Structure formats: C-alpha cells, structure tokens
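Engineer: next input, structure requested:
(one chain, ligands or ions: 2)
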Amino acid sequence: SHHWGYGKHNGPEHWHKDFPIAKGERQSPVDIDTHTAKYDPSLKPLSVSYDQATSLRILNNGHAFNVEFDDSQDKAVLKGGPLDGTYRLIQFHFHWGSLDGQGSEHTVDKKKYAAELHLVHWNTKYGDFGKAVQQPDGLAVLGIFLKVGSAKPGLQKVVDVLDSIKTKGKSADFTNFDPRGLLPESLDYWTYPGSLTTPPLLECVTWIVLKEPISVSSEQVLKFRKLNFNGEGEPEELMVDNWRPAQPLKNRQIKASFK
Ligand SMILES: [Hg+2]
Ligand SMILES: [Hg+2]
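Structural biologist: Numbering: from 1, shown residues only. Ligands and ions are numbered 1, 2, ... in the order given. The relevant structure is shown in the block below.
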C-alpha cells in the first residue's frame, strides 16, 4: 500500500492490510490438483451465448485492460454448467507475466501458463453488477489459460489497439469485437467457489476454468507487456506480472465436468 498494485511495496502480500478478506475462506486463484478434483456427472454442459455481444470500449485501469460490453439486456450470457440462472457478460481482461513461464493466476498441478483470460459475468437476478458482488452467487467468471505457440487470429484486434491505451486512465472505442474468437474448441471445465482476484477480493464468484488452453503467439503476448501501470507523464512502469498467486483451498472441493 499506498494504493494496491503488483509491486514489492503494494503487492498481493500486502493486500490484507486494506482488505482483510484477503485471508478469507474462499479466496482465488487456487492450484487445481487434477487427481483430487471430483468428476461430477450432475454438472451440465456450459451454455455460452455470445452471438449478440456488443463490445463498447477498451480501457487501461492501471491494473489490466478491460474490454467492456453493453450489459443492459441479455445479449451475451452464460448459463448452464454449475450455474442457476442467467449471467450477463460485463467485461473481460487478462493477467500475464514478464516471461512466458508465468502469468496465469490459476495453476494446474502447479503448472503456470503465460496468461489467463477472465470473462466476467453477473447474475441477472440481482439487477446490476454492484448488487451482484455482494452475494455468494453473484458472479461467474470463465477463466481460459493462454499458452505461447501459434497466433490467435481472434485476439489480433485487441492487440492492435493497445498502443492507444498505453497508460492508466486511457480508453478507446472498441465496437464490434466478438468474444467467440477467444474460446477453445472444448468447453470441459473445473469449477469451485471463490472470489475476485483483485481488491476488493469479494467472495462472490463461481469460477469456471476451462481445461483446454488457447494458443497465442510470442509477438502477441509481447504487445501486452508494453502497457504501463502508470498514468501519462509519470515514470514508466511496464504492466507485467499483474497476477495473484495461488491461495489455500481450505474447505473447498474442485469439481470437474469431465473424466
Ligand atoms: Hg482477473
Ligand atoms: Hg459476495
């Protein structure tokens, strides 16, 4: 502190001093131990309906970059899986590393990926986002791992606009982007009850983490690392390593949709 971030002086190990819930019973991310996750045949396939998605803007908030969607109606929703009810997409963002061997927040059998995409949705029964985050089933986040390999064509539009939102507080119009181009071929997943992974750390999230990673090229992820944490005209601090490490599982079970 001063304000939280990912540095040595205000990084995740310090958050508990302003947000005591950091040492809570249902904090995220976690390590997914594949041999201890329970297959649960009662879980339903996920239903991702993003064909009427309306993206609006892309913003650098100082901790990541969010692409925001119009959520005033049921245009891009997730339902099914372990969820009851309809959850509307409000924004996506990424977490990534300064090197390719780190960057994801969840890990799989202790394996870290180069980055992790979060598609954040909120439960329509609560009427708005801000009321959703106060309830134990208020949000559902789909997490997708990224590995370095082949380029992902559907991520290129995002990569290309980054130069225009280089520093904190910058935004740019970002319409007609289709988030379908960011899904792996398979929707197999793990699920557990957890929290937002940045302050205020609220325990209101059902996480849905996809088993299959997407590939991005080295050049693509290289462009993420050119962003800045600082605002314009402040000393440059590249936006890298904006990931929280794995927290204790405590009394929770990870369930798998697959065997
Ligand atoms: Hg996130
Ligand atoms: Hg909550």
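
Engineer: please count neighbours and contacts with C-alpha atoms only from this point.
Structural biologist: Noted.

Engineer: count of residues packed around residue 185?
Structural biologist: The burial count assigned to residue 185 is 9, neighbours taken as other CA atoms under 10 Å.

Engineer: quick one: is the helix or strand containing residue 120 near ligand 2?
Structural biologist: Element membership for residue 120, per DSSP states H and E: strand 115-123. No - for strand 115-123, no contact with ligand 2 is found by CA under 5 Å from the ion; the gap never falls below 11.3 Å.

Engineer: by contact count, what packs against whichever helix or strand comes after that strand?
Structural biologist: Of the helices and strands lying after strand 115-123 in sequence (DSSP H and E), the nearest is helix 129-132. Packing contacts for helix 129-132, counted by 3 or more CA pairs under 8 Å, 6 or more residues apart in numbering; DSSP states H and E, involve strand 115-123.

Engineer: tell me the strands beside the strand it packs on, with direction?
Structural biologist: Sheet pairing of strand 115-123 (DSSP bridges) gives strand 87-96 (antiparallel), strand 139-148 (antiparallel).

Engineer: what's around the residue in the stretch 151-259 of the chain that ligand 2 sits nearest to, how many residues?
Structural biologist: Ligand 2 sits closest to residue 204 of the stretch 151-259 of the chain, with a gap of 3.4 Å, by CA to the ion. When neighbours are defined as other CA under 10 Å, residue 204 has 22 of them.

Engineer: where does the closest residue to it other than its chain neighbours sit: helix, strand or coil?
Structural biologist: Nearest in space to residue 204, with sequence neighbours left out and distances taken as CA to CA, 6 or more residues apart in numbering, is residue 136 at 4.2 Å. Three states are possible here, and by DSSP: H, G, I helix; E, B strand; the rest coil the one that applies to residue 136 is coil.

Engineer: how about the residue of the chain most remote from its centre, what does it touch?
Structural biologist: Distance to the chain centre peaks in the chain at residue 233, reaching 28.6 Å (criterion: CA atoms, centre = their mean). Counting by CA atoms under 8 Å, 6 or more residues apart in numbering, residue 233 touches no other residue.

Engineer: follow-up on the earlier one: of the strands paired with strand 115-123, which approaches residue 223 most closely?
Structural biologist: Taking CA to CA as the criterion, strand 87-96 is the member of the strands paired with strand 115-123 that comes nearest to residue 223, at 11.1 Å.

Engineer: can you redo the strands paired with strand 115-123 as TSV with mean neighbour count and distance to ligand 2?
Structural biologist: Rendered in TSV, the data for the strands paired with strand 115-123 read as follows (neighbours: other CA atoms under 10 Å; distance: least, CA to the ion, whole Å):
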stretch	mean neighbour count	distance to ligand 2
strand 87-96	24	15
strand 139-148	25	8
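
Engineer: using CSV, please lay out those together with distance to residue 70.
Structural biologist: As requested, the strands paired with strand 115-123 are arranged in CSV below (distance: least, CA to CA, whole Å):
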stretch, distance to residue 70
strand 87-96, 7
strand 139-148, 16
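
Engineer: for residue 160, which of these is the nearest?
Structural biologist: Judging the strands paired with strand 115-123 by CA to CA, what sits closest to residue 160 is strand 87-96, at 15.3 Å.

Engineer: how far is the closest one from where the chain is centred?
Structural biologist: Computed by CA atoms, centre = their mean, to the nearest Å, the chain-centroid distance of strand 87-96 equals 5 Å.

Engineer: downstream of that strand, the next helix or strand is which one?
Structural biologist: In the C-terminal direction, the helix or strand that comes right after strand 87-96 (DSSP H and E) is strand 107-108.

Engineer: thank you, goodbye.
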